[PDB]
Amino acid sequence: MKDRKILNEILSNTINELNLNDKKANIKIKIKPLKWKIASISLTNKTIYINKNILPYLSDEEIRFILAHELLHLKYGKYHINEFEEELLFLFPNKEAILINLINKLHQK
């Protein structure tokens, strides 16, 4: 139902808003069923995999947040440093009070 064309548009808009440099900007997105993960990234395949099973629950704004969180790890590394938090709060201002709980709950065991 949720086509790869809107998904690719959301990814491209989030990369642009985050001003990801040339190599960090070379990322694909693909729909694949996952194992209790909203999203994951294959750093070698240079692909963000969004879970096919939970994709019907996701609004465009929810996808944008999930992709921004993942994309910001490409830019800043594996930790939620101050610059990570600031950039995510700039893209999502009305999420100040829930931001850290959400990003912490997006990491696997």
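When you see a residue number, it is the position in the sequence shown, counting from 1.
Engineer: Using only the Cα atoms and their B-factors as the entry lists them, report which of 98 to 106 and 3 to 11 averages higher.
Structural biologist: Here the higher of the two C-alpha B-factor means belongs to 3 to 11.
Engineer: Of 84 to 92 and 18 to 26, which one has the bigger average CA B-factor?
Structural biologist: Going by the record's values, the stretch with the higher mean is 18 to 26.
Engineer: Sort 43, 68, 38, 58 by C-alpha B-factor from the entry and give me just the highest.
Structural biologist: If I rank 43, 68, 38, 58 by C-alpha B-factor, first place goes to 43.
Engineer: Would you check the entry's CA temperature factor for residue 74 and let me know if it's in the chain's lowest, middle or highest third?
Structural biologist: As the PDB entry reports it, the C-alpha B-factor of residue 74 lands in the highest third of its chain.
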